[PDB]
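Colleague: The structure's right below; bear with me while I get my questions together.
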Amino acid sequence: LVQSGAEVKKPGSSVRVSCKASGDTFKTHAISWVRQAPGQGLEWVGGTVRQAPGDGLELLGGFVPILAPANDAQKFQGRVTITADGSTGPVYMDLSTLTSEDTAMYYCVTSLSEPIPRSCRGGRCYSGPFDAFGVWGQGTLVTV
Amino acid sequence: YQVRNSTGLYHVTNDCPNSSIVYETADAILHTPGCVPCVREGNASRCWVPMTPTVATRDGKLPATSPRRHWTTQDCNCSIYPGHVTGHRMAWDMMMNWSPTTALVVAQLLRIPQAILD
Amino acid sequence: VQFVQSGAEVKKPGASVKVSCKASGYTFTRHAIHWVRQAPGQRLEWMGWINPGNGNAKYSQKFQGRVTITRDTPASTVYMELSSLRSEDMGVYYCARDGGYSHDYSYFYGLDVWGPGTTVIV
Amino acid sequence: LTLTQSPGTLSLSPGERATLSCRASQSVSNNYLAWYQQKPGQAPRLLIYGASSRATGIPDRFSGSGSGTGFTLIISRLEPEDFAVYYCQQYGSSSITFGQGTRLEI
Amino acid sequence: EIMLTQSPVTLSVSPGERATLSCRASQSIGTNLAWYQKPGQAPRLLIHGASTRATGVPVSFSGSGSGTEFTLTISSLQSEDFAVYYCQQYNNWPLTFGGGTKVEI
Amino acid sequence: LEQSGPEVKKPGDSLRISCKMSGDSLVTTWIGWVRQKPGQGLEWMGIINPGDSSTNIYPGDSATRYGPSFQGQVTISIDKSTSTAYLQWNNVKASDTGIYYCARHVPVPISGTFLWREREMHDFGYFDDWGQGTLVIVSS
Amino acid sequence: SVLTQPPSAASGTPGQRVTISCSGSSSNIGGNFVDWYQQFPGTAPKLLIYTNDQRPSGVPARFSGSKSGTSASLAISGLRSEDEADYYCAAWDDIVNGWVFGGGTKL
Amino acid sequence: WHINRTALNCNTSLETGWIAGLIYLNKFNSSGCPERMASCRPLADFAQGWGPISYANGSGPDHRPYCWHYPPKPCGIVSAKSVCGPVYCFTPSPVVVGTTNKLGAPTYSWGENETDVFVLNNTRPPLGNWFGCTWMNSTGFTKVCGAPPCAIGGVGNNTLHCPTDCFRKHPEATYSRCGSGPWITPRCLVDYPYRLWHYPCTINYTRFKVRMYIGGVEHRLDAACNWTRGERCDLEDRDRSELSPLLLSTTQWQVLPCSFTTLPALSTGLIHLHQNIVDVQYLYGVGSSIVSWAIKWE
Ligand SMILES: *[C@@H]1O[C@H](CO)[C@@H](O[C@@H]2O[C@H](CO)[C@@H](O[C@@H]3O[C@H](CO[C@H]4O[C@H](CO)[C@@H](O)[C@H](O)[C@@H]4O)[C@@H](O)[C@H](O[C@H]4O[C@H](CO)[C@@H](O)[C@H](O)[C@@H]4O)[C@@H]3O)[C@H](O)[C@H]2NC(C)=O)[C@H](O)[C@H]1NC(C)=O
Ligand SMILES: *[C@@H]1O[C@H](CO)[C@@H](O[C@@H]2O[C@H](CO)[C@@H](O[C@@H]3O[C@H](CO[C@H]4O[C@H](CO)[C@@H](O)[C@H](O)[C@@H]4O)[C@@H](O)[C@H](O[C@H]4O[C@H](CO)[C@@H](O)[C@H](O)[C@@H]4O)[C@@H]3O)[C@H](O)[C@H]2NC(C)=O)[C@H](O)[C@H]1NC(C)=O
Ligand SMILES: *[C@@H]1O[C@H](CO)[C@@H](O[C@@H]2O[C@H](CO)[C@@H](O[C@@H]3O[C@H](CO[C@H]4O[C@H](CO[C@H]5O[C@H](CO)[C@@H](O)[C@H](O)[C@@H]5O)[C@@H](O)[C@H](O)[C@@H]4O)[C@@H](O)[C@H](O)[C@@H]3O)[C@H](O)[C@H]2NC(C)=O)[C@H](O)[C@H]1NC(C)=O
Ligand SMILES: *[C@@H]1O[C@H](CO)[C@@H](O[C@@H]2O[C@H](CO)[C@@H](O[C@@H]3O[C@H](CO)[C@@H](O)[C@H](O)[C@@H]3O)[C@H](O)[C@H]2NC(C)=O)[C@H](O)[C@H]1NC(C)=O
Ligand SMILES: *[C@@H]1O[C@H](CO)[C@@H](O[C@@H]2O[C@H](CO)[C@@H](O[C@@H]3O[C@H](CO)[C@@H](O)[C@H](O)[C@@H]3O)[C@H](O)[C@H]2NC(C)=O)[C@H](O)[C@H]1NC(C)=O
Ligand SMILES: *[C@@H]1O[C@H](CO)[C@@H](O[C@@H]2O[C@H](CO)[C@@H](O[C@@H]3O[C@H](CO)[C@@H](O)[C@H](O)[C@@H]3O)[C@H](O)[C@H]2NC(C)=O)[C@H](O)[C@H]1NC(C)=O
Ligand SMILES: *[C@@H]1O[C@H](CO)[C@@H](O[C@@H]2O[C@H](CO)[C@@H](O[C@@H]3O[C@H](CO)[C@@H](O)[C@H](O)[C@@H]3O)[C@H](O)[C@H]2NC(C)=O)[C@H](O)[C@H]1NC(C)=O
Ligand SMILES: *[C@@H]1O[C@H](CO)[C@@H](O[C@@H]2O[C@H](CO)[C@@H](O)[C@H](O)[C@H]2NC(C)=O)[C@H](O)[C@H]1NC(C)=O
Ligand SMILES: *[C@@H]1O[C@H](CO)[C@@H](O[C@@H]2O[C@H](CO)[C@@H](O)[C@H](O)[C@H]2NC(C)=O)[C@H](O)[C@H]1NC(C)=O
Ligand SMILES: *[C@@H]1O[C@H](CO)[C@@H](O)[C@H](O)[C@H]1NC(C)=O
Ligand SMILES: *[C@@H]1O[C@H](CO)[C@@H](O)[C@H](O)[C@H]1NC(C)=O
Ligand SMILES: *[C@@H]1O[C@H](CO)[C@@H](O)[C@H](O)[C@H]1NC(C)=O
Ligand SMILES: *[C@@H]1O[C@H](CO)[C@@H](O)[C@H](O)[C@H]1NC(C)=O
Ligand SMILES: *[C@@H]1O[C@H](CO)[C@@H](O)[C@H](O)[C@H]1NC(C)=O
Ligand SMILES: *[C@@H]1O[C@H](CO)[C@@H](O)[C@H](O)[C@H]1NC(C)=O
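Protein chains in written order, with this note's numbering: chain X, 243 to 386; chain S, 20 to 137; chain B, 53 to 174; chain U, 20 to 125; chain F, 675 to 779; chain A, 3 to 142; chain H, 623 to 729; chain C, 4 to 301.
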């Protein structure tokens, strides 16, 4: 996985950190972001699901996203939006209204298996926990 | 398509049921098309051979011209399992062995000796 | 059991040709007569065949619109006509005997008796 | 299938009939058992294929038989040239397996 | 959320010896944890689920757990594989990690 | 067929033994390998299918079926342009020694109850024409 | 389809055996049967194999053999110079409802 | 058609991962079938029927309906609130049906709202609609809806209610009269994209291409059948398939394994089966002759 370069901000600023998948074949895997604190703690930031073209009930026409990420509402409490550019494009982590306490190295990781839903309602599915993180990127230091 | 009652388990057969039998006492069984008469001669279950789509005899020799006198049975499993039909063989029979005509009928009529002894 | 062809022909492109095989030494009521072409240096090519007596005949799709065959039963002869020559038709044309299907239906009899071959020049 | 070949490693005088047994763990499907002769220093030669069909070039001395789980190779009039290692094996539906083999001694 | 208490916080080099690291959850996590190694560099996966060695992971790494406390065992520490090792859980989420356990090796 | 000569290896590296399937073209010539460790009986290693998808033993897919101890440990293949069969190790072990025989395999047609699509398939056969056997030594 | 056989025989000296292979698909060479014929320049071809239970009268044992699946072959045991004929592979083709011949193999 | 016509109410109260087979294909569970199939009898183990065929309401068990003999419940309206997957209805071919109001035709709600139902009114197809339907409910259980099974009868107590073509127990019990749901023969069911989700034990159901003709309409079907190489296949083991078969090469029809169609061979009027090739029927008999009517001279 390849990420964006280093960034330096003042508090109240936003930072966009990209992650481009290293392969050409997409397999309905998920890419998550982990924050490396200077204090050596690791925080899950969040993550999303990148569905392969044939999943999501295309058989019925339309498309059902496997979407719910169980967002972190303990330390991030919103602020960070994680989306894919497209099925083949990069993943972006848009980190808004940041402070100096958010200085950390930011990096993406791909899980070892397809996320499996736990529930579906209406037009959306709710992902169960992502499986163990496997392929790690290197990361970019973002200071504020 | 005929069905044999057997052991209580019904199964597909080509063996003629008595309801399909019409007959001549001169060794010939006439029947509803779509089956072959089985004759257990005494015990041996021996299947008769078609001469025409509706007629069979003991040996296929084309014999010369009321209680039923044949001992038929739904036994034999007649022609259920023939050998493989080769694509070439099918074509060969359809082109060479197979044959309807009218000129032939006339040639035969014009050669009848009229020794109609029957 | 010999098949006898008569002559050879030379014709200009667009012209028709006709070959026939008289046959003797057998009854010619119990086998088929086949026609096979061979361009010089080329493969034996199947053209079609006829059922003696019945007159029933089949053709390769290649010659379906080009040839026809018949039989003069009392003359013991099979005839073949080619409606026109197109250069590619130059070669030797043979008739042959398609024997019975082994009689006991084992391995079949192929073409055991062939006529000499007639030459067709475009 | 643990074919067990156990005549016991027989010792015969030339001219005697060898009796080589082969015991299958399960039934041999149909007749897919076979026998080989390995002269020391040489690749084995096929003697019998199927329970009993003799291979080309093999003396009539070699006679295979058997069914079910009970198979044997009989060598009548055993000659000095036949005091080789014999093996039974099988070529059935799941895998190819071989016995241990035994030697004919004098 | 699920809290993971990591212990010992720091372990000595103890070169060539065996060592274990463990984490204790506030919740009854099934065998879905993972362990990571971070040797002054970006981290790598060691253990998939409570105990499966990840591809590329040497025989020295093994473990067991379930319930609330899981243990990572590293044997034969002849190679001084310095890292902060981490316990991560995948049961209820948002996903969490313990604070990491530093080993001097 | 004729096999290549003797070979000696140290653990690791790789080893290849070739067979020249001379005397006939590969119209339908199957080949496989049998191992004999010194003092031991015969071990079936595996066979290879020179033909197309119609004959892959019974499962109907793999052109290379192997005995239970050779399930990916050793490779068997045929070079159809050179009429050559090969047995190859990509890591030679000290235990992989003794005589390796290359032999023509004789498949037996499928029988019993089966489906149309597998009618041309074969079961495992026996070994008819054997090569001379090559010697492999692996040591430090 | 079209039966495929090599353009030339391996040839060699008398006393040698050669094999003339032939192959095709399940629509023609497979199933049915495959006739083999011998043809010398200047004459009509004659049968060798898959006729008369694969041994036609007048033909020596020199010319023999058959193969399974979609393969076929003619083995010629002893290359007597009198046998330097073109050989043909022929079969019934169930797509076109007619006979197919291969290219011809020159010995 | 629009995807919002498909109900999607999926609740994992148990057996986490069951839901995987809805979104992903080839994520079936496939486990515990040896136990579930323990109670699924062969047709041959049922009492022989006789007499005229009647009908009965198939008020069957609430266990998973994974066996061909399971009598389907009579149809009626099913609430969308209880439906996770798409609903498939079977005519000889699978049909995807969507949600509806009791009166309004579309309900583009994804099945999340109340009064959103599946109509599911059926009467055997020669007249219209379908033989029966299958769908996955909100907690992962497969449920069925279908036409009344045939009351075959018999002398004993182990009689059969036949939802399929039970030829060997009663000669008139054809699929066109007794069919209910996707089972054509006791060992073959109509395939569809979710077959291995709804009937997850139908692993190794070799697929066949067959054609069935009902009333005036041909249906090209994907048939999934239970067949193991070496399995006994005598005449007593062969079921009626009611097919109008596709051609293999020039001489053989494709039929389901150990089954036959009633169509006669062209030249003989007879049925000709092969002993070793299990799924074929010949269309050409070998014996032939000269018509005798042609020579009945006076
Ligand atoms: C036309 O086609 C029909 C099939 O549709 C053939 O009929 C079958 O013929 C066989 C052979 O005679 C019958 O099989 C025999 O059944 C006997 C009774 O069965 C009871 O006991 C067995 C015990 O295992 C139970 O499974 C079964 O349900 C019954 O309760 C058995 O006692 C026989 O066993 C003996 O012979 C066999 C070998 O055949 C040995 O292996 C056994 O060890 C033992 O010695 C045997 O199994 C079969 O039932 C018939 N089926 C039907 C439907 O009738 C016709 O023969 C065929 N006709 C022609 C002309 O081809
Ligand atoms: C294929 O072969 C099977 C045999 O293996 C045939 O099956 C038999 O068919 C007959 C005719 O229908 C059945 O006979 C009827 O049974 C009914 C059930 O009653 C049972 O219980 C009573 C006690 O309460 C017993 O007395 C009786 O014997 C049975 O065990 C009866 O109600 C019927 O009664 C009617 O007929 C009788 C005359 O027999 C009159 O006196 C009555 O008033 C009334 O009108 C009748 O007895 C027989 O039970 C079936 N046997 C089996 C084993 O199933 C198939 O018909 C045959 N089929 C083909 C080619 O399709
Ligand atoms: C569709 O088709 C597939 C096959 O392609 C079916 O999958 C197989 O299903 C069977 C039945 O459930 C499985 O068999 C079971 O395996 C259990 C564990 O496997 C291990 O033990 C087996 C048996 O060991 C003994 O016997 C051998 C042989 O003699 C000895 O060597 C041993 O020492 C033991 O004594 C081994 O064969 C196997 O390799 C494992 O070691 C076992 O506990 C059960 O008792 C039973 O044997 C089989 O394993 C499945 N195959 C695969 C590849 O997974 C599938 O079910 C079919 N689908 C449907 C719906 O039917
Ligand atoms: C089909 O119809 C034929 C008509 O010929 C039936 O044959 C006749 O069957 C009866 C009753 O079995 C025979 O009487 C018996 O004959 C046997 C010897 O064959 C004898 O052992 C008995 O004691 C008794 O006398 C009758 O002879 C027989 N007719 C002929 C010409 O043999 C046949 O049974 C019918 N099959 C069925 C029931 O479908
Ligand atoms: C696919 O088809 C096969 C073959 O028909 C099915 O196997 C059969 O499964 C049943 C159910 O368990 C077995 O019946 C039981 O046998 C025991 C005795 O061993 C008896 O005590 C029970 O009461 C019951 O009758 C049957 O023997 C078995 N057949 C064979 C040959 O093994 C299989 O279940 C089918 N698979 C699916 C998913 O439908
Ligand atoms: C999806 O299908 C399953 C399988 O049939 C449904 O499970 C069934 O749910 C009913 C209602 O809760 C259970 O009935 C109750 O049983 C207890 C037994 O102690 C009784 O005391 C209650 O009065 C009531 O009758 C039934 O047992 C249960 N069956 C099985 C096999 O689990 C499930 O409800 C369906 N999902 C939806 C949304 O409909
Ligand atoms: C086929 O046609 C109709 C329309 O789809 C369906 O019949 C309806 O069934 C529902 C129950 O699912 C009935 O609702 C209730 O009926 C009872 C009758 O006592 C009434 O007391 C309740 O207040 C409520 O209305 C509905 O009335 C009924 N409609 C009619 C006109 O029959 C049914 O789904 C299908 N028929 C079947 C079950 O095969
Ligand atoms: C075709 O199936 C039959 C069983 O229906 C096989 O079983 C018997 O095999 C023995 C072998 O010694 C023969 O003597 C019997 O005559 C066969 N039974 C019948 C009814 O013919 C038979 O082997 C199978 N053949 C093939 C080629 O698969
Ligand atoms: C398929 O479903 C079965 C349940 O029917 C799963 O088996 C369960 O596995 C979990 C694993 O944590 C156990 O806790 C349960 O007790 C098991 N239930 C029973 C009674 O079997 C099985 O794991 C599932 N397999 C797949 C492919 O996900
Ligand atoms: C059948 O009849 C024959 C001729 O009388 C007799 O020899 C035999 O014992 C009977 N039994 C058989 C073999 O069916
Ligand atoms: C069942 O559905 C209701 C209504 O949407 C929801 O509140 C409840 O959490 C669901 N149960 C499960 C196990 O998902
Ligand atoms: C079967 O169920 C339907 C439900 O609409 C009912 O009308 C019919 O009377 C029932 N039939 C029997 C025989 O119970
Ligand atoms: C399906 O429902 C969704 C709910 O968010 C809605 O946005 C969408 O417009 C609907 N699709 C249709 C019927 O066009
Ligand atoms: C549910 O459907 C009814 C029609 O029966 C409609 O009046 C109501 O507004 C709908 N509710 C929702 C939440 O869509
Ligand atoms: C049917 O009758 C038998 C006794 O003949 C009995 O054992 C069985 O339990 C009865 N029915 C069922 C299937 O319960």
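All residues carry an ideal CB built from backbone N, CA and C; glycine is no exception.
Quick one: does the C-beta of C:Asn124 sit closer than 7 Å to a heavy atom of ligand 15?
Modeller: Translated into the one-based positions of the eighth sequence, residue 124 of chain C becomes position 121. Incorrect: C:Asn124 has no Cβ contact closer than 7 Å to ligand 15.
Colleague: U:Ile67 and U:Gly83 - do their beta-carbons sit closer together than 8 Å?
Modeller: Taking the first residue of the fourth sequence as position 1, residue 83 of chain U is located at position 64. Taking the first residue of the fourth sequence as position 1, residue 67 of chain U is located at position 48. It is a contact, given that the beta carbons lie within the stated cut-off.
Colleague: Please identify, using Cβ separations under 8 Å, the residues of the region 646 to 661 of chain H that lie next to chain S, in order along the chain.
Modeller: So the list reads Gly653, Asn654, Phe655, given in the order they occur along the chain.
Colleague: Beta-carbon within less than 8 Å of S:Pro52's beta-carbon, same chain only, minus the 5 sequence neighbours each way: which residues are those?
Modeller: As a working note, residue 52 of chain S is residue 33 in the second sequence. If we look at S:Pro52 and ignore the five residues flanking it on each side, its Cβ neighbours are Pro72, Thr73.
Colleague: Please check if any C-beta of chain H sits within less than 8 Å of the C-beta of S:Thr73.
Modeller: For this step, residue 73 of chain S is matched to residue 54 along the second sequence. With 8 Å as the cut-off, S:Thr73 does not count as an interface residue toward chain H.
Colleague: Verify whether the separation of the beta carbon atoms of X:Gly288 and X:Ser274 is less than 8 Å.
Modeller: Your numbering for residue 288 of chain X matches position 46 in the first sequence. Your numbering for residue 274 of chain X matches position 32 in the first sequence. Yes, the pair counts as a contact, with Cβ atoms nearer than the cut-off.
Colleague: What are the boundary residues of the alpha helix (DSSP H) that S:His107 is part of?
Modeller: For the purposes of this step, residue 107 of chain S is taken as the residue at position 88 of the second sequence. First-last of the alpha helix (DSSP H) with S:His107: 106 to 111.
Colleague: With DSSP run on the structure shown, which of helix, strand or coil describes X:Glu343?
Modeller: What you label residue 343 of chain X is simply residue 101 of the first sequence in a count that begins at 1. X:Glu343: helix per DSSP, three-state reduction.
Colleague: Applying the criterion that 16 or more other CB atoms from any shown protein chain within 10 Å of the CB defines a buried residue, is A:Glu122 buried or exposed?
Modeller: Within the sixth sequence, the letter at position 120 stands for residue 122 of chain A. By the neighbour-count rule (16 or more Cβ atoms within 10 Å), A:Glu122 is buried.
Colleague: Quick one, which residues of the region 94 to 107 of chain C are near chain X if we go by CB-CB under 8 Å, in chain order?
Modeller: Per Cβ criterion, the list reads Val99.
Colleague: When you compare the CB positions of A:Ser142 and A:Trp91, do they come within less than 8 Å of one another, or not?
Modeller: Taking the first residue of the sixth sequence as 1, we reach residue 142 of chain A at position 140. Taking the first residue of the sixth sequence as 1, we reach residue 91 of chain A at position 89. No; because the gap between Cβ atoms is not below 8 Å, this pair is not in contact.
Colleague: From the DSSP output, in three-state form, read off C:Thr265 for me.
Modeller: Start at 1 with the first residue of the eighth sequence, and residue 265 of chain C comes out as number 262. Note: C:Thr265 maps to coil in three-state DSSP.
Colleague: I'd like to check one pair, A:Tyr68 with A:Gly53: are the Cβ atoms closer than 8 Å?
Modeller: Counted from its first residue, the sixth sequence places residue 53 of chain A at position 51. Counted from its first residue, the sixth sequence places residue 68 of chain A at position 66. No.
Colleague: Is the beta carbon of C:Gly143 sitting closer than 8 Å to the one on C:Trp21?
Modeller: Locating residue 143 of chain C in the eighth sequence gives position 140, where the first residue counts as 1. Locating residue 21 of chain C in the eighth sequence gives position 18, where the first residue counts as 1. Yes, the Cβ-Cβ distance between C:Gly143 and C:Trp21 is below 8 Å.
Colleague: Hey, which residues come within less than 5 Å of ligand 2, measuring from Cβ to any heavy atom, in chain order?
Modeller: My final list is S:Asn24, S:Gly27, C:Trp53, C:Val158.
Colleague: When the Cα atoms are used, what is the spatial distance from B:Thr120 to B:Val88?
Modeller: Numbered from its first residue, the third sequence carries residue 120 of chain B at position 68. Numbered from its first residue, the third sequence carries residue 88 of chain B at position 36. For B:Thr120 and B:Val88, the distance between alpha carbons rounds to 13 Å.
Colleague: Starting from the C-beta of B:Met142, find all residues in its chain whose C-beta is less than 8 Å away, skip the five residues before and the five after it, and write them out in chain order.
Modeller: Here residue 142 of chain B refers to the residue found at position 90 of the third sequence. Within the same chain, B:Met142 has close Cβ partners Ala91, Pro92, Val172, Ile173, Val174.
Colleague: Are U:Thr91 and U:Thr23 close, meaning C-beta to C-beta below 8 Å?
Modeller: Start at 1 with the first residue of the fourth sequence, and residue 91 of chain U comes out as number 72. Start at 1 with the first residue of the fourth sequence, and residue 23 of chain U comes out as number 4. In this structure, U:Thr23 does not lie closer than 8 Å to U:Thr91 by Cβ.
Colleague: Across which residues does DSSP place S:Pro69 in a beta bridge pair?
Modeller: As a working mapping, residue 69 of chain S is identified with position 50 in the second sequence. S:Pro69 is bridged to S:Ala75.
Colleague: Going along chain S, which residues have a C-beta under 9 Å from H:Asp675?
Modeller: Taking the first residue of the seventh sequence as position 1, residue 675 of chain H is located at position 53. Result: empty, since nearest Cβ-Cβ is about 15 Å, beyond 9 Å.
Colleague: Can you list, in chain order, the residues of the region 96 to 116 of chain A whose Cβ is nearer than 9 Å to any Cβ on chain C?
Modeller: Under the 9 Å Cβ criterion, the region 96 to 116 of chain A contributes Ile112, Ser113, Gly114, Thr115, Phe116.
Colleague: Counting only Cβ pairs nearer than 8 Å, list the residues of chain H close to B:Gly105.
Modeller: As a first step, residue 105 of chain B is located in the third sequence; it is residue number 53 there, counting from the start. Neighbours of B:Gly105 on chain H: none; closest Cβ ~21 Å, over 8 Å.
Colleague: Hey, is C:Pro267's beta-carbon within less than 8 Å of any beta-carbon in chain S?
Modeller: As a position in the eighth sequence, residue 267 of chain C is number 264, starting the count at 1. Cβ-Cβ to chain S under 8 Å: yes for C:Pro267.
Colleague: Compute every distance between the C-beta of S:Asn96 and the non-hydrogen atoms of ligand 4, then say whether any falls below 7 Å.
Modeller: The count along the second sequence starts at 1 and reaches residue 96 of chain S at position 77. Outside the cutoff, so no.
Colleague: Hey, does A:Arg121 have any beta-carbon neighbour from chain C nearer than 8 Å?
Modeller: Taking the sixth sequence and counting its residues from 1, one reaches residue 121 of chain A at position 119. So yes, A:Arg121 belongs to the interface.
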